[PDB]
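K.L.:
Contents are compact mmCIF, C-alpha atoms; file name my_file-v9.txt:
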```txt
# COMPACT_ATOMS: atom_id res chain seq x y z
CA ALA A 654 0.00 0.00 0.00
CA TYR A 655 1.01 3.62 -0.73
CA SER A 656 2.20 6.04 1.97
CA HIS A 657 4.14 9.19 0.88
CA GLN A 658 6.56 10.98 -1.48
CA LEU A 659 10.24 11.96 -1.11
CA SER A 660 12.60 14.37 -2.89
CA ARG A 661 15.88 13.11 -4.42
CA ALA A 662 17.58 15.37 -1.81
CA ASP A 663 16.11 13.42 1.17
CA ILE A 664 18.45 10.39 0.74
CA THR A 665 22.26 10.34 1.05
CA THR A 666 24.22 9.74 -2.18
CA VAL A 667 27.09 7.21 -2.31
CA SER A 668 28.69 9.54 -4.86
CA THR A 669 32.39 8.60 -5.21
CA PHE A 670 33.58 5.07 -6.06
CA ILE A 671 35.17 5.02 -2.55
CA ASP A 672 33.95 6.76 0.67
CA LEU A 673 34.25 5.69 4.33
CA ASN A 674 32.05 8.17 6.30
CA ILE A 675 28.86 6.02 6.33
CA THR A 676 27.38 5.34 9.81
CA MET A 677 25.67 1.94 9.62
CA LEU A 678 24.03 -0.22 12.34
CA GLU A 679 23.95 -3.97 13.05
CA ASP A 680 20.38 -4.55 11.81
CA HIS A 681 18.19 -7.03 13.75
CA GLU A 682 15.14 -8.57 12.03
CA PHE A 683 11.72 -8.06 13.67
CA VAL A 684 10.06 -11.08 12.03
CA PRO A 685 6.24 -11.10 11.62
CA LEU A 686 4.34 -13.83 13.52
CA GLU A 687 2.56 -15.14 10.37
CA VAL A 688 5.88 -16.67 9.23
CA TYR A 689 5.43 -19.22 12.06
CA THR A 690 1.63 -19.49 12.55
CA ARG A 691 0.69 -19.98 8.85
CA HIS A 692 4.03 -20.60 7.08
CA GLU A 693 3.95 -17.26 5.21
CA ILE A 694 6.90 -16.05 3.07
CA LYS A 695 9.17 -13.19 4.22
CA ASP A 696 10.26 -10.40 1.82
CA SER A 697 13.88 -10.19 0.60
CA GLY A 698 13.98 -7.35 -1.98
CA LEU A 699 14.91 -7.73 -5.67
CA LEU A 700 16.63 -10.89 -6.96
CA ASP A 701 20.43 -10.80 -7.34
CA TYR A 702 22.28 -13.20 -9.68
CA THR A 703 22.98 -15.79 -6.94
CA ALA B 353 49.62 -47.99 -22.19
CA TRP B 354 52.23 -45.57 -23.59
CA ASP B 355 55.51 -45.45 -25.57
CA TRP B 356 58.64 -45.32 -23.36
CA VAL B 357 61.52 -42.81 -23.66
CA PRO B 358 64.52 -41.97 -21.42
CA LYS B 359 64.34 -39.10 -18.91
CA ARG B 360 65.02 -35.71 -20.56
CA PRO B 361 67.88 -33.37 -19.47
CA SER B 362 67.73 -30.81 -16.64
CA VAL B 363 66.86 -27.07 -16.96
CA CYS B 364 67.20 -23.76 -15.07
CA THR B 365 65.31 -23.77 -11.73
CA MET B 366 63.47 -20.50 -12.46
CA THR B 367 61.96 -18.77 -15.51
CA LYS B 368 61.39 -15.07 -16.22
CA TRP B 369 57.72 -14.15 -15.69
CA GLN B 370 57.63 -10.34 -16.08
CA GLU B 371 59.87 -7.38 -17.00
CA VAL B 372 58.60 -4.36 -15.01
CA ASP B 373 59.59 -0.89 -16.25
CA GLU B 374 58.50 0.91 -13.04
CA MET B 375 58.32 -0.61 -9.53
CA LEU B 376 58.14 1.33 -6.25
CA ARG B 377 59.76 -0.07 -3.08
CA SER B 378 58.98 0.94 0.52
CA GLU B 379 59.80 -0.23 4.07
CA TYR B 380 57.05 -0.96 6.63
CA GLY B 381 56.52 -3.21 9.68
CA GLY B 382 60.07 -4.63 9.39
CA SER B 383 59.48 -5.81 5.77
CA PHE B 384 59.88 -4.54 2.19
CA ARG B 385 56.80 -3.98 -0.01
CA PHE B 386 56.90 -3.78 -3.83
CA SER B 387 54.18 -2.43 -6.16
CA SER B 388 53.53 -1.41 -9.79
CA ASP B 389 50.66 -0.43 -12.13
CA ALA B 390 51.55 -3.31 -14.49
CA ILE B 391 50.41 -6.08 -12.09
CA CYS B 392 47.84 -6.00 -9.25
CA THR B 393 49.96 -8.20 -6.91
CA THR B 394 51.93 -6.70 -3.99
CA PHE B 395 55.11 -8.58 -3.04
CA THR B 396 56.24 -8.73 0.62
CA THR B 397 59.79 -9.71 1.70
CA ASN B 398 62.31 -9.73 4.58
CA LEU B 399 64.97 -6.97 4.72
CA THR B 400 67.95 -9.32 4.08
CA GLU B 401 69.22 -9.72 0.50
CA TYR B 402 69.39 -13.27 -0.92
CA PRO B 403 72.82 -14.67 -1.97
CA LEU B 404 71.93 -15.67 -5.55
CA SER B 405 75.55 -16.61 -6.39
CA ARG B 406 75.31 -19.49 -3.86
CA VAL B 407 72.76 -21.26 -6.11
CA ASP B 408 72.86 -19.79 -9.67
CA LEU B 409 76.27 -21.27 -10.55
CA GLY B 410 75.17 -21.48 -14.23
CA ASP B 411 74.22 -17.74 -14.28
CA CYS B 412 70.87 -18.66 -15.90
CA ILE B 413 68.96 -16.16 -13.70
CA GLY B 414 71.71 -13.54 -13.27
CA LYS B 415 72.64 -13.06 -16.96
CA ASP B 416 69.02 -12.69 -18.10
CA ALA B 417 68.28 -10.11 -15.38
CA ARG B 418 71.25 -7.85 -16.28
CA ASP B 419 70.31 -7.82 -19.98
CA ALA B 420 66.65 -6.95 -19.29
CA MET B 421 67.43 -4.10 -16.87
CA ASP B 422 69.82 -2.53 -19.42
CA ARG B 423 67.28 -2.75 -22.29
CA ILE B 424 64.63 -1.04 -20.12
CA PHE B 425 67.04 1.65 -18.87
CA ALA B 426 68.17 2.54 -22.41
CA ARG B 427 64.57 2.67 -23.74
CA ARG B 428 63.06 4.95 -21.04
CA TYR B 429 65.41 6.16 -18.27
CA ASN B 430 68.83 7.00 -19.82
CA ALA B 431 67.79 10.63 -20.53
CA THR B 432 66.11 11.47 -17.17
CA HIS B 433 67.42 9.19 -14.36
CA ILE B 434 70.62 7.66 -12.91
CA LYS B 435 71.48 4.22 -11.48
CA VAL B 436 72.04 4.40 -7.70
CA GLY B 437 73.99 1.13 -7.25
CA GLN B 438 74.34 -2.55 -8.23
CA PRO B 439 71.38 -4.98 -8.55
CA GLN B 440 69.77 -6.69 -5.53
CA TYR B 441 67.92 -10.02 -5.10
CA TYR B 442 64.97 -10.88 -2.82
CA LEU B 443 62.73 -13.94 -2.23
CA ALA B 444 59.08 -12.83 -1.89
CA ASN B 445 56.21 -14.67 -0.18
CA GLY B 446 54.49 -17.19 -2.48
CA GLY B 447 57.77 -18.37 -4.09
CA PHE B 448 58.91 -15.50 -6.37
CA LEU B 449 62.45 -14.14 -6.91
CA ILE B 450 62.74 -10.37 -7.56
CA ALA B 451 65.78 -8.69 -9.16
CA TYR B 452 65.76 -4.94 -8.33
CA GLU C 704 12.64 -10.09 -18.16
CA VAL C 705 14.45 -13.13 -16.69
CA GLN C 706 13.62 -12.18 -13.09
CA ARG C 707 10.04 -11.30 -14.15
CA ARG C 708 9.51 -14.88 -15.42
CA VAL C 709 11.20 -16.51 -12.40
CA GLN C 710 8.72 -14.69 -10.12
CA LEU C 711 5.81 -15.82 -12.36
CA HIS C 712 6.81 -19.50 -12.09
CA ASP C 713 7.11 -19.48 -8.28
CA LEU C 714 3.55 -18.05 -8.17
CA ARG C 715 2.26 -21.04 -10.19
CA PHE C 716 3.97 -23.53 -7.86
CA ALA C 717 2.43 -21.74 -4.84
CA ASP C 718 -1.06 -22.13 -6.37
CA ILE C 719 -0.41 -25.88 -6.94
CA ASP C 720 0.81 -26.32 -3.32
CA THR C 721 -2.31 -24.53 -2.04
CA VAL C 722 -4.55 -26.99 -3.94
CA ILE C 723 -2.78 -30.19 -2.77
CA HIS C 724 -2.31 -29.14 0.90
CA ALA C 725 -6.02 -28.27 1.26
CA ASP C 726 -9.00 -30.63 0.76
CA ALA C 727 -12.76 -30.51 0.08
CA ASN C 728 -13.77 -31.28 3.70
CA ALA C 729 -12.18 -28.03 5.00
CA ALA C 730 -15.07 -25.98 3.55
CA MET C 731 -17.63 -28.29 5.22
CA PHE C 732 -15.88 -28.23 8.62
CA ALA C 733 -15.59 -24.42 8.45
CA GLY C 734 -19.30 -24.09 7.53
CA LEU C 735 -20.28 -26.32 10.48
CA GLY C 736 -17.94 -24.55 12.94
CA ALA C 737 -19.30 -21.12 11.95
CA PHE C 738 -22.85 -22.32 12.77
CA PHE C 739 -22.03 -23.94 16.15
CA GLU C 740 -19.98 -21.02 17.55
CA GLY C 741 -23.09 -18.81 17.11
CA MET C 742 -25.03 -20.37 20.04
CA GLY C 743 -22.47 -20.48 22.89
CA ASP C 744 -22.10 -23.46 25.25
CA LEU C 745 -25.10 -25.28 23.73
CA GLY C 746 -23.48 -24.75 20.31
CA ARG C 747 -20.22 -26.32 21.55
CA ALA C 748 -22.06 -29.20 23.30
CA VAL C 749 -23.73 -30.17 19.99
CA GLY C 750 -20.79 -29.19 17.73
CA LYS C 751 -18.29 -31.47 19.54
CA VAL C 752 -20.41 -34.60 18.88
CA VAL C 753 -21.40 -33.51 15.34
CA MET C 754 -17.71 -33.03 14.41
CA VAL D 90 76.44 -29.16 -9.78
CA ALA D 91 72.74 -29.66 -8.88
CA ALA D 92 73.20 -28.78 -5.16
CA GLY D 93 72.34 -25.09 -5.72
CA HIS D 94 69.20 -25.95 -7.72
CA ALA D 95 68.12 -28.44 -5.01
CA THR D 96 68.47 -25.99 -2.08
CA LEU D 97 66.67 -23.36 -4.20
CA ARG D 98 63.75 -25.84 -4.59
CA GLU D 99 63.72 -26.23 -0.78
CA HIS D 100 63.69 -22.46 -0.13
CA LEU D 101 60.93 -21.93 -2.74
CA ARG D 102 58.85 -24.79 -1.21
CA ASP D 103 59.21 -23.49 2.38
CA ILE D 104 58.21 -19.94 1.33
CA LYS D 105 54.91 -21.23 -0.20
CA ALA D 106 54.15 -24.05 2.31
CA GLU D 107 53.74 -21.49 5.16
CA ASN D 108 50.38 -21.13 6.95
CA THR D 109 47.82 -18.43 6.04
CA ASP D 110 44.14 -17.84 6.97
CA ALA D 111 41.18 -15.43 6.95
CA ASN D 112 37.98 -14.99 9.00
CA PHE D 113 34.42 -16.13 8.25
CA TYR D 114 31.49 -13.66 8.32
CA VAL D 115 27.84 -13.76 9.40
CA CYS D 116 25.91 -11.15 7.40
CA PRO D 117 22.48 -10.35 8.93
CA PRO D 118 19.93 -9.08 6.35
CA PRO D 119 19.31 -5.29 6.35
CA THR D 120 15.99 -3.98 7.75
CA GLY D 121 16.03 -0.62 5.89
CA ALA D 122 17.26 1.59 8.78
CA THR D 123 20.08 2.93 6.53
CA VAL D 124 19.55 3.57 2.78
CA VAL D 125 21.61 5.17 -0.02
CA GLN D 126 21.14 6.32 -3.64
CA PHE D 127 23.48 6.28 -6.67
CA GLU D 128 24.63 8.69 -9.40
CA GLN D 129 23.17 8.94 -12.92
CA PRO D 130 24.50 9.67 -16.45
CA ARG D 131 24.39 13.25 -17.82
CA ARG D 132 23.65 14.76 -21.26
CA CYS D 133 27.20 15.38 -22.51
CA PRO D 134 27.73 18.33 -24.93
CA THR D 135 28.78 17.72 -28.57
CA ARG D 136 30.99 20.87 -28.67
CA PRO D 137 32.17 23.59 -26.21
CA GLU D 138 29.42 25.84 -24.79
CA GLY D 139 30.80 27.99 -21.93
CA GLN D 140 32.65 31.31 -21.67
CA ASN D 141 35.46 32.62 -19.42
CA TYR D 142 37.10 29.19 -18.90
CA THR D 143 39.74 28.98 -16.14
CA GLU D 144 41.75 26.54 -13.97
CA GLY D 145 41.98 26.34 -10.16
CA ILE D 146 42.22 24.50 -6.83
CA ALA D 147 39.04 23.72 -4.85
CA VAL D 148 37.80 22.47 -1.46
CA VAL D 149 34.20 21.25 -1.05
CA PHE D 150 32.23 21.41 2.23
CA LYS D 151 29.00 19.53 3.06
CA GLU D 152 26.41 20.18 5.80
CA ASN D 153 27.19 18.47 9.13
CA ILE D 154 24.30 16.25 10.28
CA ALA D 155 26.33 15.06 13.33
CA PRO D 156 25.08 11.46 13.81
CA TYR D 157 24.66 10.17 17.39
CA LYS D 158 24.72 6.40 18.07
CA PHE D 159 23.58 4.74 21.33
CA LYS D 160 22.13 1.48 22.77
CA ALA D 161 18.46 0.69 23.57
CA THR D 162 16.25 -2.22 24.74
CA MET D 163 12.79 -3.34 23.49
CA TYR D 164 10.02 -5.28 25.31
CA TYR D 165 6.86 -6.87 23.83
CA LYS D 166 4.52 -9.90 24.07
CA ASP D 167 3.25 -12.09 21.22
CA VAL D 168 -0.20 -13.72 21.54
CA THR D 169 -1.98 -16.46 19.54
CA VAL D 170 -5.56 -17.79 19.88
CA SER D 171 -7.28 -20.76 18.19
CA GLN D 172 -10.50 -22.75 18.69
CA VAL D 173 -9.09 -26.06 20.01
CA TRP D 174 -12.53 -27.20 21.32
CA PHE D 175 -13.18 -28.83 17.91
CA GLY D 176 -10.28 -31.24 18.70
CA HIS D 177 -6.61 -31.22 17.65
CA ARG D 178 -7.47 -32.97 14.33
CA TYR D 179 -10.10 -30.36 13.29
CA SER D 180 -9.09 -27.05 14.97
CA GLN D 181 -6.88 -26.05 12.00
CA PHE D 182 -9.99 -25.64 9.80
CA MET D 183 -11.22 -22.86 12.14
CA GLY D 184 -7.93 -20.90 11.81
CA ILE D 185 -5.70 -18.86 14.13
CA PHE D 186 -5.74 -15.24 15.39
CA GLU D 187 -2.54 -13.46 16.53
CA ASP D 188 -1.34 -10.11 17.94
CA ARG D 189 1.70 -8.19 19.32
CA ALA D 190 1.42 -5.91 22.39
CA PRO D 191 3.64 -3.71 24.64
CA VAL D 192 4.84 -4.60 28.16
CA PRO D 193 3.81 -2.22 31.01
CA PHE D 194 6.48 -0.45 33.11
CA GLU D 195 5.53 -2.34 36.30
CA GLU D 196 6.42 -5.72 34.74
CA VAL D 197 9.73 -4.34 33.38
CA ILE D 198 10.92 -3.05 36.78
CA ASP D 199 9.28 -5.57 39.16
CA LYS D 200 9.77 -8.81 37.16
CA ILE D 201 12.16 -8.50 34.19
```
Just give me the structure as structure tokens.
P.N.:
Amino acid sequence: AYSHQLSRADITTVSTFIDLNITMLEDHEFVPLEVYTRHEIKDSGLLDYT
Amino acid sequence: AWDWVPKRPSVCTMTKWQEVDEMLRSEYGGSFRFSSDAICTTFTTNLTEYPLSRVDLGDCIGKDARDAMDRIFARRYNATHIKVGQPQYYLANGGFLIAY
Amino acid sequence: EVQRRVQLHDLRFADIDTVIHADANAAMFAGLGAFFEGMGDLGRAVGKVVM
Amino acid sequence: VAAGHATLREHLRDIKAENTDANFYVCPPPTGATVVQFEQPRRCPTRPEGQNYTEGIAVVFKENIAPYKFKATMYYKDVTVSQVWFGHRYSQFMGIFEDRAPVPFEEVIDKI
């Protein structure tokens, strides 16, 4: 379902072929309960070659 | 099955792989490091020079090295640089011999 | 186009799995259960023996 | 004599037979808390357009967002409900209901 719009200026650009200043986190999945109660499939973004 | 033949004669222990026109050398962490734009590998070696004359009694490595360094020097460096001293030999990790 | 077709095939297999995992009696049992839960304790007292 | 060739084989073998290793990595899937965008191609001119061309040195500054990282703790309770009165062999036809709810402060301090 739809929610809202964003400007191209609202997201940081990984401009140069090398840059080290990114401040990432160790992401922790908050899995939905339906994955266990009714064997539903979890999203994983677009398909890479592997 | 196969046709039999006697064992063939011996050959030089090492073969020339690359002639590098420009190679930078630096000292770090008690070791030498070598690098060039021609090849993406970085060679690492101990600070002590290897005594090539103890093993290359046939001069099969030594003669070829001298000739190559002179060809390269005459082609590109003779008009803009000078030789600092005599050649040096080093055994790099992975089993390579470098003449510098 | 390749990834578009791969996602179309895994949708077809999911529809096949849905058909073989389920069975015709599920609709009947659901229809009966929906009737019995509508009259409380008496509904359960009859529904448990009917099932 | 072959003695020099033989010891050179030994030195070359020892230099490559040495131990070497690298670590393994566990890569947890990203949740979307940090996202980035990429650059795009530009309409390149066919011939020179501009006036007053000149050369120079430059330094580029960007706005300082000053990120602040810290540690936090979450608390919640998962709940599931199903009509088991139909019997374990038939209850699945009636389905399951489920929810996720917050934990009150009293339970966090007095029990957890």
K.L.:
Would you please work out which residue, of B:434, B:353, B:364, B:399, is nearest to residue 98 in chain D when using only C-alpha atoms?
P.N.:
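Closest candidate: B:364.
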K.L.:
Identify which of the residues B:426, B:390, B:451, B:366 lies closest to chain D, counting all atoms listed in the file when measuring atom-to-atom distances.
P.N.:
B:366
K.L.:
Compile the contact shell of range 728-734 of chain C as a VMD selection string: residues with an atom at most 8 Å away, counting all atoms listed in the file, same-chain residues fewer than 2 positions apart removed.
P.N.:
(chain C and resid 725 to 726 736 to 738 754) or (chain D and resid 179 182 to 183)
K.L.:
Counting all atoms listed in the file, which residues of chain C come no farther than 10 Å from chain A, as a ChimeraX atom specification?
P.N.:
/C:706-707,709-710
K.L.:
Could you check which of C:745, C:722, C:715, C:740 is closest to chain D, using all atoms listed in the file?
P.N.:
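Selected residue with least distance to chain D: C:740.
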K.L.:
Measure the distance from CA of residue 404 in chain B to CA of residue 91 in chain D in Å and round it to one decimal.
P.N.:
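Calculated distance between CA of residue 404 in chain B and CA of residue 91 in chain D is 14.4 Å.
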K.L.:
Quick one: everything within 12 Å of residue 96 in chain D, counting all atoms listed in the file, minus sequence neighbours fewer than 5 positions away in the same chain. Send it as a CSV table (one decimal) with C-alpha atoms, in the coordinates of the input.
P.N.:
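What landed in around-v4.csv:
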```
chain,number,residue,atom,x,y,z
B,365,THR,CA,65.3,-23.8,-11.7
B,404,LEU,CA,71.9,-15.7,-5.6
B,406,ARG,CA,75.3,-19.5,-3.9
B,407,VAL,CA,72.8,-21.3,-6.1
B,408,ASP,CA,72.9,-19.8,-9.7
D,90,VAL,CA,76.4,-29.2,-9.8
D,91,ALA,CA,72.7,-29.7,-8.9
D,101,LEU,CA,60.9,-21.9,-2.7
D,102,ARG,CA,58.8,-24.8,-1.2
D,103,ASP,CA,59.2,-23.5,2.4
```
K.L.:
Mind running chain B against chain D at 12 Å and telling me each contacting residue's nearest atom pair with the distance in Å (one decimal), counting all atoms listed in the file, chain and number ascending, as a tab-separated table?
P.N.:
```
residue	atom	partner	partner_atom	distance
B:362	CA	D:91	CA	9.3
B:363	CA	D:94	CA	9.6
B:364	CA	D:94	CA	7.9
B:365	CA	D:94	CA	6.0
B:366	CA	D:94	CA	9.2
B:396	CA	D:104	CA	11.4
B:397	CA	D:104	CA	10.4
B:398	CA	D:104	CA	11.5
B:402	CA	D:100	CA	10.8
B:403	CA	D:97	CA	10.9
B:404	CA	D:97	CA	9.4
B:405	CA	D:93	CA	9.1
B:406	CA	D:93	CA	6.6
B:407	CA	D:93	CA	3.9
B:408	CA	D:93	CA	6.6
B:409	CA	D:93	CA	7.3
B:410	CA	D:90	CA	9.0
B:411	CA	D:93	CA	11.4
B:412	CA	D:94	CA	11.1
B:413	CA	D:94	CA	11.5
B:442	CA	D:101	CA	11.8
B:443	CA	D:101	CA	8.2
B:444	CA	D:104	CA	7.9
B:445	CA	D:104	CA	5.8
B:446	CA	D:105	CA	4.7
B:447	CA	D:101	CA	4.9
B:448	CA	D:101	CA	7.7
B:449	CA	D:101	CA	9.0
```
K.L.:
What residues in chain D have any atom no more than 10 Å from chain C when counting only C-alpha atoms, and can you write them as a PyMOL selection string?
P.N.:
chain D and resi 172+174-176+179-184
K.L.:
Using C-alpha atoms, can you export the residues from the last selection as a compact mmCIF listing (two decimals), keeping the file's coordinate frame?
P.N.:
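Okay, this is what ended up in part-v8.txt:
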```txt
# COMPACT_ATOMS: atom_id res chain seq x y z
CA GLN D 172 -10.50 -22.75 18.69
CA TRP D 174 -12.53 -27.20 21.32
CA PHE D 175 -13.18 -28.83 17.91
CA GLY D 176 -10.28 -31.24 18.70
CA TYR D 179 -10.10 -30.36 13.29
CA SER D 180 -9.09 -27.05 14.97
CA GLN D 181 -6.88 -26.05 12.00
CA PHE D 182 -9.99 -25.64 9.80
CA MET D 183 -11.22 -22.86 12.14
CA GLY D 184 -7.93 -20.90 11.81
```
K.L.:
Taking into account all atoms listed in the file, which residue in the set A:675, A:694, A:664, A:684 is nearest to chain D?
P.N.:
A:664
K.L.:
Tell me, in Å to one decimal, how far CA of residue 165 in chain D is from CA of residue 197 in chain D.
P.N.:
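That distance, rounded to one decimal, is 10.3 Å.
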K.L.:
In Å to one decimal, how far is CA of residue 123 in chain D from CA of residue 662 in chain A?
P.N.:
15.2 Å
K.L.:
Would you mind telling me which residue in A:693, A:668, A:698, A:688 lies nearest to chain D when using all atoms listed in the file?
P.N.:
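Nearest to chain D: A:668.
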